[PDB]
Each structure stands twice: as structure tokens, then as C-alpha cells.
Amino acid sequence: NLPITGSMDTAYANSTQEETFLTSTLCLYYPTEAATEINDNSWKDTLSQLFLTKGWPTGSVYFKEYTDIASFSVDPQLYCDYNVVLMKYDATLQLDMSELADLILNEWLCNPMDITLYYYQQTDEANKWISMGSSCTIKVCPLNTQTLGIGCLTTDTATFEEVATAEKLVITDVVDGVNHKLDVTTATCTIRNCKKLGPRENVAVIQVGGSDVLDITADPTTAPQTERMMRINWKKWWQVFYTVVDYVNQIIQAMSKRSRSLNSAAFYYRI
Amino acid sequence: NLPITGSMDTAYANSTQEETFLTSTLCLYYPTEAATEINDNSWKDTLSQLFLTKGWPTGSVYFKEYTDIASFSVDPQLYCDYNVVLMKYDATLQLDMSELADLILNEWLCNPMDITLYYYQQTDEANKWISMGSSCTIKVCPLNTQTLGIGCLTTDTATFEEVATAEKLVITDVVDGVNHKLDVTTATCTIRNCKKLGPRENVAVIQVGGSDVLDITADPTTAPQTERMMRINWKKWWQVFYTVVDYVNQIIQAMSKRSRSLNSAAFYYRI
Amino acid sequence: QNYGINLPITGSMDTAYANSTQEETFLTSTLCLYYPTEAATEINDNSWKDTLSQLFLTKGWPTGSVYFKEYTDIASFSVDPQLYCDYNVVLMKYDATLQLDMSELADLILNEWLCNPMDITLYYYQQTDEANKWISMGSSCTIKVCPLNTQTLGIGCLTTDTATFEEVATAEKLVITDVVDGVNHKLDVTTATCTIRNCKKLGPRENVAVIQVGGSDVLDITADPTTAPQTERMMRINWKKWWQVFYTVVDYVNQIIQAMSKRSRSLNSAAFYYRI
Amino acid sequence: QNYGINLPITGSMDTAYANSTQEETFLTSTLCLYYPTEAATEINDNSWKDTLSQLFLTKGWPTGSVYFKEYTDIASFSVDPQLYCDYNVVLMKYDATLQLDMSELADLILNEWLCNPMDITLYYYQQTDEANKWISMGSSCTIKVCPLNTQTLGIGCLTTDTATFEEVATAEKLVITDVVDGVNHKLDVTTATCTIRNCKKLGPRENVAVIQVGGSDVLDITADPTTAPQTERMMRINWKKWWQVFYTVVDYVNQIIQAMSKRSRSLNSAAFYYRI
Ligand SMILES: *[C@@H]1O[C@H](CO)[C@@H](O)[C@H](O)[C@H]1NC(C)=O
Ligand SMILES: *[C@@H]1O[C@H](CO)[C@@H](O)[C@H](O)[C@H]1NC(C)=O
Ligand SMILES: *[C@@H]1O[C@H](CO)[C@@H](O)[C@H](O)[C@H]1NC(C)=O
Ligand SMILES: *[C@@H]1O[C@H](CO)[C@@H](O)[C@H](O)[C@H]1NC(C)=O
Ligand SMILES: [Ca+2]
Ligand SMILES: [Ca+2]
Ligand SMILES: [Ca+2]
Ligand SMILES: [Ca+2]
Ligand SMILES: [Ca+2]
Ligand SMILES: [Ca+2]
Ligand SMILES: [Ca+2]
Ligand SMILES: [Ca+2]
Ligand SMILES: [Ca+2]
Ligand SMILES: [Ca+2]
Ligand SMILES: [Ca+2]
Ligand SMILES: [Ca+2]
Ligand SMILES: [Ca+2]
Ligand SMILES: [Ca+2]
Ligand SMILES: [Ca+2]
Ligand SMILES: [Ca+2]
């Protein structure tokens with residue numbers, strides 16, 4: 001990172017939309033019920049040809065399927081340069097979907113949390129505990145300077161306070177500056193101490209149906225809808241995919257290249 | 001592609017090896033027999049830890065396994081920024097080793113061929129026909145200027161001249177300027193008309209045991225033996241992997257980034 | 001010398017060349033020929049060494065300067081090879097199945113080494129630099145290594161269970177183990193059957209020339225995968241009979257020793273310098 | 001850096017004296033004690049080596065720097081001794097019946113020897129100068145010699161008949177033969193149980209000291225009758241208990257090392273002269 005000096009009289013360059021469409025890849029994540037309703041084995045080819053009409057080279061649009069929001073929330077691996085997640089809306093899962101967005105619309109720096117030997121705390125409002133697995137049931141016992149527990153006994157987990165049960169993904173936020181003993185099913189869950197660095201610009205979430213319920217910020221005073229959080233009413237999935245294809249330029253305009261240099265181990269679908 | 005003007009007094013920068021390892025990744029391709037002899041369920045983990053001692057961050061080194069040279073030759077996909085292929089030497093598979101090395105050490109620009117409709121010819125010395133699949137059998141019938149076979153009958157394919165039998169990968173080089181009718185088992189193998197653009201500088205091949213027998217150029221008058229074609233003597237595979245880990249600095253020094261802009265969206269690892 | 005080793009030597013680029021010292025070199029030097037037992041078997045003669053001495057005399061050597069050290073095979077000769085003469089010419093026989101052993105022997109005798117004892121039963125060992133290796137030789141040498149970590153715990157192997165260690169050498173007369181540098185390794189070796197030393201490669205030998213009889217260029221005297229230097233002291237010939245090989249060696253001894261340099265023979269005959 | 005050349009070194013007669021290097025020498029060097037088995041039996045303590053190491057530590061030697069090597073007796077030790085430490089001290093018990101054997105042992109280890117092979121079958125051998133000797137080692141060395149004349153016929157001997165050869169060694173573990181220089185000799189040696197080498201005495205071996213435990217001064221490391229030099233590395237002590245001997249060795253180790261110098265042939269400056 002170096003200072004960048006620019007002249008306000010500089011001329012705008014031509015549109016780079018065609019070049020980025022040519023040199024980038026698009027990943028679409030949709031629920032399995034979409035494929036079920038569409039009921040066509042060649043719909044991937046059809047959408048690829050339509051995207052080609054929109055400018056994307058054949059083979060650069062990758063279609064990925066997930067069973068549901070809860071299943072997809074277990075270590076979501078976003079591959080392409082541009083990722084669009086068609087997330088079905090369920091009034092009962094408002095938190096979970098929000099968490100999923102909170103997981104994929106932001107960059108997270110995470111380190112392992114070996115709870116069974118160590119005591120942990122959250123240093124600042126950017127710190128959270130992200131737990132992912134088949135079943136994440138997390139109980140918390142706040143502690144104090146004398147190392148005793150408040151309304152909890154370290155020797156009896158039954159007295160721990162319940163913050164998660166049977167979760168595929170959950171973001172736990174506790175009071176900062178306080179040590180907590182943790183009890184999570186390590187067999188079916190992995191908990192990580194994470195810091196949200198900032199927005200993840202290459203991931204857009206399109207909520208299919210419902211209303212604006214997403215809250216990607218733990219602060220109760222903010223519920224910001226960024227340009228990467230779209231929301232479309234629906235009755236047929238074919239119309240949903242047609243509107244995704246037709247307004248692909250608008251969707252990618254709302255997104256930007258990831259720009260982060262990572263330390264992780266994930267594959268990517270790039271050109 | 002613009003001219004670059006440089007001064008012969010510009011100060012050398014510091015070593016980029018540390019940041020290169022922290023920002024790049026290493027795919028190591030080994031045969032199945034290597035894992036069989038190692039006889040450990042966690043040799044990947046210890047090799048990754050040793051690589052970390054050598055500088056690479058955890059999860060950056062990828063370990064891919066192939067049954068043998070023939071099977072690996074069937075459309076090999078190279079994922080990491082730096083690819084090292086440990087190829088065992090067999091005195092009876094020199095041409096197959098050479099063809100694999102040619103395919104993965106050079107950059108190729110390929111287009112499909114329709115052998116059942118049109119006749120084909122090779123324009124210049126860089127033009128070849130690469131056929132790969134489960135079983136490639138290619139027979140050729142050179143035609144004269146009256147589109148009539150020479151020493152072959154266009155109607156009868158039994159008179160055709162056999163250039164490949166049951167191969168999994170074969171690079172066919174015929175006389176340039178002559179139209180050839182091709183009889184290829186398209187049901188089990190695909191043939192593509194390709195041009196050699198240049199070297200793939202991100203792929204190194206380490207020949208385990210044997211002699212210098214590789215020939216990555218069809219010209220009889222050249223056997224280059226470039227700096228990306230190493231050879232070692234061995235008795236045990238653990239020694240081979242320890243040598244690869246210890247001298248990974250030299251291996252990566254012998255390689256450079258791919259530098260080619262691709263029109264194809266494939267699966268890669270990139271940190 | 002020592003007190004003037006770090007002193008410059010200045011030469012003028014017009015100093016007249018001295019005459020040939022080849023004749024005076026042969027009259028004050030000793031030549032050692034190392035050949036396999038099968039060479040003597042195929043020759044099938046008892047006075048052949050005397051005839052070779054007389055032929056070398058025809059080539060300018062005094063009687064008493066050429067010596068012939070027979071060795072059974074490469075593997076046995078690889079156990080503490082001893083270099084006796086001013087000039088050593090080792091006739092190695094090529095076998096496709098013993099490429100690594102040939103390379104290890106050439107590495108041992110074509111280079112200077114500085115070795116120290118390794119009491120592998122008490123301490124763990126590292127390899128500090130790319131010039132550091134572990135050279136082990138004996139009747140039979142099986143080496144098992146367990147890399148440790150910063151906490152001194154084995155990686156991929158239990159520090160207490162040798163069965164989990166990693167095999168890098170099985171029943172070796174000679175083996176040069178190269179491990180990842182900077183990592184502590186617990187070792188277990190058949191100490192009864194072989195000795196293992198921590199060795200450092202100082203540089204070439206310059207008085208040992210290895211002639212490979214038959215085969216292709218397969219020797220690799222450097223552990224670095226991206227280098228296979230073919231120095232002027234590692235020669236290769238094609239053969240159908242051993243008398244022709246010996247006649248070639250005698251007739252081109254001028255060329256063979258022009259490719260070697262005197263002053264490199266150590267007081268000891270060992271292929272390595274040793275410090276305890 | 002300039003290894004093959006002897007460059008003069010100039011020094012001013014008034015520069016300074018650097019500080020004592022004894023402490024650093026003891027910290028970065030290794031000491032080896034060679035003693036007879038009967039010493040160990042008389043001491044009759046299992047942990048005595050540990051006690052001696054502790055006592056040396058009191059004198060500034062880091063633990064593990066001092067080594068103790070056992071040898072059965074003078075004759076057995078004389079068979080190809082291998083002194084590998086930086087500093088070597090050999091406690092040699094005096095036997096009035098083994099005066100020449102002790103002299104030969106000391107001459108072998110207190111001097112520097114450059115040895116070439118000898119093939120008694122092929123060649124007849126001369127000794128060129130006063131520094132040329134024939135050193136033979138083995139389980140049993142029996143050397144008989146027939147001096148020839150200018151016509152290659154024996155003098156007081158027949159080359160074909162070894163029974164007439166003049167015996168100069170019988171069942172020796174080590175023997176240094178000195179014969180008349182400039183005379184070709186035919187040698188009969190028990191090659192099965194003995195190897196003979198044509199050796200040149202280059203000079204003193206600085207880093208080897210011999211402490212004679214017992215009788216008067218009898219060692220003669222010089223083949224010349226007119227001189228029997230007693231160098232500062234040839235110590236002599238009167239004894240009644242081996243514990244007393246070892247305590248004397250430990251207490252005066254400063255003086256013992258002061259009487260010795262780093263082996264000139266074993267440090268980098270010796271590179272491309274003979275060894276390292
Ligand atoms: C930009 O668009 C204009 C308008 O057609 C065209 O003339 C020009 O070549 C394009 N490229 C650049 C680099 O300005
Ligand atoms: C480069 O290395 C030098 C010396 O190793 C050091 O002073 C300097 O800070 C390093 N970084 C840069 C950017 O020059
Ligand atoms: C060197 O060779 C030349 C010509 O063969 C001869 O005249 C001369 O005496 C020789 N010796 C020396 C010391 O130059
Ligand atoms: C040498 O000895 C003197 C006097 O004891 C001391 O002051 C000095 O630090 C020592 N070291 C050097 C390098 O002179
Ligand atoms: Ca949840
Ligand atoms: Ca409670
Ligand atoms: Ca908090
Ligand atoms: Ca909020
Ligand atoms: Ca093939
Ligand atoms: Ca035909
Ligand atoms: Ca062609
Ligand atoms: Ca070629
Ligand atoms: Ca070997
Ligand atoms: Ca293991
Ligand atoms: Ca190493
Ligand atoms: Ca090499
Ligand atoms: Ca007689
Ligand atoms: Ca004797
Ligand atoms: Ca004499
Ligand atoms: Ca004397």
C-alpha cells in the first residue's frame with residue numbers, strides 16, 4: 001500500500017465491463033429446490049448460452065448447488081472471481097441466513113480456539129467466535145478476575161449458559177474484556193476466534209422472497225443494506241435465473257474484485 | 001505488451017523468495033507407488049510441516065497422486081502456481097515420458113479436429129496433433145494434390161499407416177503441407193490440432209532415477225534438457241521427498257510464473 | 001603457509017610458460033588403479049599387473065609407481081574406501097540397478113569431506129547447510145529418521161516408537177542421507193553394523209578420477225536436484241572386453257592425469273577427514 | 001584462501017601480545033586420553049570417566065570435550081593407531097622388554113608420516129633418503145629382506161630362495177624398517193596378516209603427546225644413532241597408582257597442552273598441501 005495521487009481532470013477510460021466479463025469467472029449458488037422446480041437437465045447449458053449473449057465466455061460461468069441455507073453455511077467455499085448466492089428466504093431462519101451473509105459478505109481473519117485447555121475472550125467489537133460443523137451446540141460460562149464463574153460453575157457444564165444448539169453455523173458475540181469458559185461439541189463442530197476485516201466485495205447475496213431481514217453487523221444500532229444484498233420477489237425459479245442473467249452487469253457493478261491476500265487453502269474457478 | 005525501458009544501474013531489490021512463498025503455492029505430483037512405499041497415513045502432514053520450516057505457509061503445498069505416467073498423461077490439470085511432477089523412469093516408456101514432459105512443460109494453443117469430415121495438415125514445425133484419452137489409436141493416410149492417398153486408400157482404412165496404438169497420450173507430427181485423412185478411435189480418445197506457443201515455466205519435471213532421455217522437441221537435431229527438467233538417483237521415496245523439500249528454493253528458482261493469459265476457465269489453486 | 005594463506009599472490013600476464021612438467025610429474029608421483037574383481041577374472045592372467053607396469057613405463061612412469069588395488073564390487077568398495085596414491089583412477093562398472101550407489105561412491109571419492117561422530121542414541125541432529133549431509137557406511141546400514149518440531153516432538157512419527165520412523169536407507173554399504181535443513185531429527189541406525197557421521201562437503205578432490213565402464217551418464221555427485229555437473233574427472237567409456245579398457249587407460253593416462261591435479265592427496269588414505 | 005602456495009609472512013618485532021587463548025582453546029577443542037586396560041582394571045571404578053570429565057571441567061574443558069580411549073597394550077595399540085581428537089595424550093606404560101616397540105610407537109604417532117603403497121610382489125624397493133622408512137602394521141608382521149646389487153642379483157641372498165633372505169622383523173605388530181639407502185631390496189612380508197608402506201617422515205606431529213609411565217628415558221624417535229632427541233611432547237612420570245597418574249594429567253593439563261600445538265596438517269591452511 002502506497003499513496004496514490006490522481007488528477008481530477010483525468011479522462012474516464014472506456015467501459016471495462018466486456019474485458020472483465022472476458023477475463024473473469026462467475027459462480028452462481030442456488031438451492032437444490034431451484035433445480036428441482038426447473039426440471040431440465042440442460043438448463044446449465046441454456047444459462048451458459050444466455051450469459052454468452054450477455055458477454056461471458058462459455059465455461060466461465062460456474063453453477064454450484066447447495067441443499068439449503070443451513071447446509072451451505074458449513075465452510076462455504078466461494079470459488080469464482082464473482083460469486084452470486086441465490087438464498088431462499090424462510091421467515092424462521094432470519095438469523096441463520098443473516099449469519100451466512102455475515103460469513104460471506106465480509107473478510108474474516110480466523111485462528112483456532114482450543115477451548116478444552118485454554119480460556120478465551122473477545123478483545124473488541126470486531127472479534128467474534130465463528131463455529132461451523134454438522135452440529136454446533138455452544139454453552140458459555142462467563143468468568144471474572146478471581147477465575148470464578150458468574151451464574152456458572154467451571155466444574156459443571158450443566159450450569160453453562162446456552163448460546164447455540166444444533167447449529168450448522170453460528171456467530172457468537174459475548175461481552176468484551178471478560179474471559180469465558182466454552183463448551184462446544186468438538187466432534188461435530190469447530191470454533192474459531194475471528195476478526196472481521198471488512199466487506200468481501202466479490203460476493204453478492206440475492207434474497208429470493210421475503211423482506212429485508214439481514215443483519216450482517218452484531219451492533220444492534222445498525223442494519224445496513226449494502227449494494228451486494230439484493231432482494232427479489234419470486235414465484236418461478238426460471239424467472240429468477242432470467243433476471244439474474246439479464247441484470248448481470250448491474251450485479252457485477254455492485255461487486256468488486258476480492259483484493260485480499262489470504263492465508264487459506266481453498267480452490268478457485270478462474271480464467 | 002509494451003516496451004520496457006530499464007537502466008543498468010537500478011538497485012537490486014531484496015529477495016522475493018519469502019513473500020513469493022507466502023503468496024504462491026506448490027503442487028507436488030507423485031506416483032501411487034511413492035505413497036505405497038512411504039506406508040504412512042500422515043506423510044502429507046509431515047511434508048507440509050517440513051515445507052513450512054522451508055518457508056511455505058500451512059495449506060499452501062498441495063499433494064496430487066497419479067497412478068502412472070500413462071494415466072497421468074490423459075489431460076493433466078495443473079493447479080498450483082508452481083507445479084513439480086516427480087516422474088519415475090521406465091526404460092520402456094521413454095517416448096511416453098517425453099510426450100508427458102512436452103505436454104506439461106510447454107504451452108499449447110489447441111483447437112478441435114473433426115477427423116470424420118475434413119482432411120488436416122500441419123502448417124509449420126510448431127503445429128502438432130495431440131490425441132489423448134482412454135485409448136488412442138491413430139492411423140494416417142497422406143494425400144497428394146489430387147486428394148488421393150499415397151500408399152493408402154481413402155476408402156479402405158486398413159491401408160492407412162499406423163502412428164499410434166492404444167496410447168493414452170500421443171503427439172503426432174506428420175509432414176507439413178500434406179493433407180492427411182485420419183482414422184482415430186474418437187469414441188475413446190480425442191485429437192486436437194495444437195501449436196506450441198512456448199515453455200510452461202511454472203512446471204518442473206524431476207525424473208526419478210534413470211538417464212537423460214526426455215526429448216520435448218520433435219526436431220531430431222535438438223534435445224534441449226532445459227533447467228526445468230531435473231533428474232535424481234534414488235532408492236527410497238522418503239529420500240526423494242526430503243531432497244525435494246530441502247532444495248525447494250532451487251526448484252522454484254528454476255521456475256517462473258505462468259505469464260500466459262488463458263481464454264479457458266479451469267480449476268486452479270491460488271492463495 | 002598458514003600464516004601467509006590469507007596473503008595475495010600477484011602474477012604478471014607476460015610471465016613465460018615453463019616447460020612440460022608431465023615427465024617430471026610421472027617420475028615423482030604414484031598411480032593407483034582401482035578395478036573390480038571381475039576385471040581380473042575376465043583377464044584371467046597372473047602377470048597382467050607386471051605387463052601393465054611395463055606399459056606404463058613405456059608411457060613414462062618409473063617402475064614402482066603404478067599400483068593396482070582390486071575391489072570386489074561397488075558396494076563393498078563403498079565401505080571406507082581408501083585412496084593410497086598421488087593419482088587415483090577408479091574403474092567403476094556400470095549397472096542400471098545401482099545408479100544411486102554409483103553416485104554415492106563418486107560423491108564420496110570425488111569430493112573432500114569433513115566428518116564428525118554422531119552418537120544418535122543420545123542427541124538429535126540437524127543439517128545446517130546444503131553442504132551438510134549424513135554419510136553412513138558399514139557392513140549393513142539401515143537408517144530411520146524421525147523429524148521433530150520446535151517442541152521436540154516427532155512429526156509423523158512417535159519419538160519413543162522406532163517402528164513409526166521414516167525409512168531413508170535399508171541394508172546399505174554406503175549412504176549419504178540428506179534431510180530438511182534446520183529440523184532436529186531423532187535417528188536410529190544399526191550402530192553394530194555401520195557408523196554414521198555428520199559430514200560437510202568442502203570441495204572437489206582433484207586427484208580421484210572415476211571412469212565409468214559402459215552405460216550412460218547417470219552419476220549425480222550433487223544432492224541438489226537441479227544440478228548434475230559432469231566434471232572432467234568423471235569419464236565414461238564403452239567396452240566389450242577388459243584388456244581393451246586397460247589399454248585405453250594406459251594409452252590415455254596423459255589425458256586422464258591432465259584432468260587430475262596433484263597436491264590433493266591427504267596424509268590419511270580415507271575418503272573423508274575426521275574430527276572427534 | 002591462497003592454499004597451494006607458500007607465501008612469506010612479514011611481522012614487526014614490536015606489535016603486541018594478544019590475550020591468552022588457553023580458555024578459548026579449551027572451550028572449542030577436544031582432548032583424547034589413551035591409556036592401557038590395566039589402568040582401568042586397577043582403578044576399578046565404573047564412573048571414573050565421569051569423574052575425570054568433571055575434573056577437566058574444573059580446568060575449563062566443557063563437558064563432553066574430553067574423550068578416553070582404551071587400548072590393550074603397547075603392541076596392540078601400535079596396530080594402525082587413529083588419533084582423531086584436537087589434542088591427544090597417550091599414557092604409555094614402560095616395559096624394559098619393549099623398548100624398541102615403544103620407540104616405534106612414539107615415532108609413528110609423535111611424527112608426521114606420508115605413506116605410499118608397497119607391492120613387494122611386483123617391485124623392488126629402495127629407500128631414497130634419511131627420511132624414507134618402511135612402516136609395516138598388522139596382526140603379525142615378519143619382514144625379510146634381500147639386498148640386490150646393480151645387476152639385480154642378491155647380496156648374501158637369492159631372490160628365488162626366500163630362506164636366504166635376511167630377517168629384520170618377526171611377528172611384529174608394528175615395525176619401522178630402515179635399510180641402506182640407494183640399494184634395491186627384495187622384500188618378503190606376511191601380506192595376509194601385515195601391510196607394509198613406503199613412508200616419509202615429514203616432521204613432528206604437534207598435537208600428540210606421549211607420557212611414559214614408569215622407567216627411565218628410553219624412547220628414540222630418530223633412526224639416526226647419533227641423535228636421540230627428547231621433545232617437549234615426550235613426558236615421563238614415576239608412578240605407583242593410576243589414580244595419581246590421572247590426577248597429575250588433569251591438574252597439569254595446561255602444561256601438557258602448552259607443550260602441544262594444533263596439528264599443522266589438520267587445519268584449513270594445509271588445504272592442497274596434503275590434507276585439509
Ligand atoms: C475507446 O472507445 C472509443 C470510442 O469508440 C474508441 O475510439 C477507442 O479506440 C477506445 N479505446 C481507447 C483506448 O480509447
Ligand atoms: C531490504 O534489505 C535491507 C538489508 O537487508 C534492509 O535495510 C531493507 O530495509 C530491506 N527492505 C527494503 C524495502 O529495502
Ligand atoms: C625448456 O625447453 C627448452 C626447449 O625445449 C629448452 O631449451 C630448455 O633448456 C628447457 N628448460 C628450461 C629450464 O627452460
Ligand atoms: C584482553 O585483556 C585485557 C586486559 O585484561 C582486557 O581489558 C581486554 O578486554 C581483553 N580483550 C581484548 C580483545 O583485548
Ligand atoms: Ca445459525
Ligand atoms: Ca447457569
Ligand atoms: Ca464481543
Ligand atoms: Ca445489527
Ligand atoms: Ca504415448
Ligand atoms: Ca498403406
Ligand atoms: Ca509436422
Ligand atoms: Ca528432439
Ligand atoms: Ca547406497
Ligand atoms: Ca511414520
Ligand atoms: Ca539437508
Ligand atoms: Ca543433483
Ligand atoms: Ca642370506
Ligand atoms: Ca616392533
Ligand atoms: Ca635408509
Ligand atoms: Ca636415534
Side-chain angles (χ1 to χ4, degrees), chain B residues 94-95 97-103 105-106 125-126 128 171 173 196 199 209 212-226 229 232-236 238-240 243, chain C residues 73-81 92 95-109 133-143 167-178 189-190 193-196 199 218-221 223 271, chain D residues 99-100 102-108 110-111 130-131 133 176-178 201 204 217-231 234:
Chain B
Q94 273 182 205
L95 181 65
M97 274 167 94
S98 272
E99 283 169 343
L100 180 50
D102 209 320
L103 192 72
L105 295 174
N106 300 311
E125 85 296 318
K128 302 281 178 281
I171 291 143
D173 168 40
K196 217 195 252 197
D212 306 358
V213 280
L214 268 42
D215 189 343
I216 72 193
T217 186
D219 217 292
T221 62
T222 42
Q225 313 318 318
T226 75
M229 309 172 23
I232 57 167
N233 290 139
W234 72 303
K235 248 183 188 176
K236 302 238 93 194
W238 263 123
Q239 185 55 98
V240 162
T243 43
Chain C
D73 71 304
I74 269 55
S76 63
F77 179 57
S78 305
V79 184
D80 294 298
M92 282 169 53
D95 174 69
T97 316
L98 302 182
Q99 284 195 6
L100 182 71
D101 303 84
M102 291 174 70
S103 299
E104 281 169 342
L105 183 64
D107 210 332
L108 189 70
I109 69 188
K133 304 283 177 282
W134 295 332
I135 305 187
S136 76
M137 56 199 78
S139 312
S140 69
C141 213
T142 301
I143 291 73
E167 191 81 293
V168 289
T170 315
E172 293 289 353
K173 289 281 178 57
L174 168 75
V175 58
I176 307 175
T177 325
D178 171 44
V189 191
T190 59
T193 63
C194 74
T195 301
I196 181 161
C199 299
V218 312
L219 268 54
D220 188 325
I221 55 160
Chain D
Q99 265 176 32
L100 178 57
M102 285 185 317
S103 277
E104 282 166 342
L105 176 50
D107 202 338
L108 199 275
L110 291 178
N111 301 104
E130 198 212 68
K133 302 286 174 281
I176 304 164
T177 325
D178 175 43
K201 205 196 245 175
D217 304 277
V218 310
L219 304 202
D220 186 306
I221 69 200
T222 190
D224 167 57
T226 40
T227 186
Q230 294 306 105
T231 86
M234 326 178 40

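Start at 1 and go down the list; that is how both ligands and their atoms are numbered. Throughout, protein chains are lettered first and strands after them, A, B, ... in sequence-line order, and every chain is numbered starting at 1.
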Margin query: Tell me if the CD atom of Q99(D) is crowded by more than 12 foreign heavy atoms within 6.0 Å.
Written below: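 Counting other residues, nucleotides and ligands, CD of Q99(D) exceeds 12 neighbours.
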
Would you find a donor on one side and an acceptor on the other, under 3.5 Å apart, between the side chain of [X] and the backbone of [Y]?
| X | Y | result |
| --- | --- | --- |
| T227(D) | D224(D) | no |
| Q239(B) | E167(C) | no |
| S103(C) | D220(C) | yes |
| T177(C) | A169(C) | no |

Check: Listing by chain and number, what protein N/O/S atoms are under 3.0 Å from the Ca ion (ligand 13)?
Finding: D101(C) OD2, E104(C) OE1, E172(C) OE1, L174(C) O

Margin query: So which atom in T217(B) and which in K196(B) form the shortest heavy-atom distance, rounded to 0.1 Å?
Written below: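 Between these two residues, the closest heavy atoms are CA-NZ, 4.0 Å.
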
Next item on the list: Locate the shortest heavy-atom distance separating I176(C) from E104(C); write the atom from each residue and the value.
Entry: N-OE2, 3.3 Å

Notebook entry, point to check: How would you list, by chain and number, every residue that makes a salt bridge (charged side-chain N to carboxylate O under 4.0 Å, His left out) with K133(D), sequence neighbours excluded?
Noted result: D178(D)

Check: Under the salt bridge (charged side-chain N to carboxylate O under 4.0 Å, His left out) test, which residues partner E172(C), sequence neighbours left out?
Finding: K235(B)

Checklist line | Polar protein atoms (N, O or S) that approach the Ca ion (ligand 12) to under 3.0 Å | finding: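 Checking every protein N, O and S atom gives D215(B) OD1, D215(B) OD2, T217(B) O, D219(B) O, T222(B) O.
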
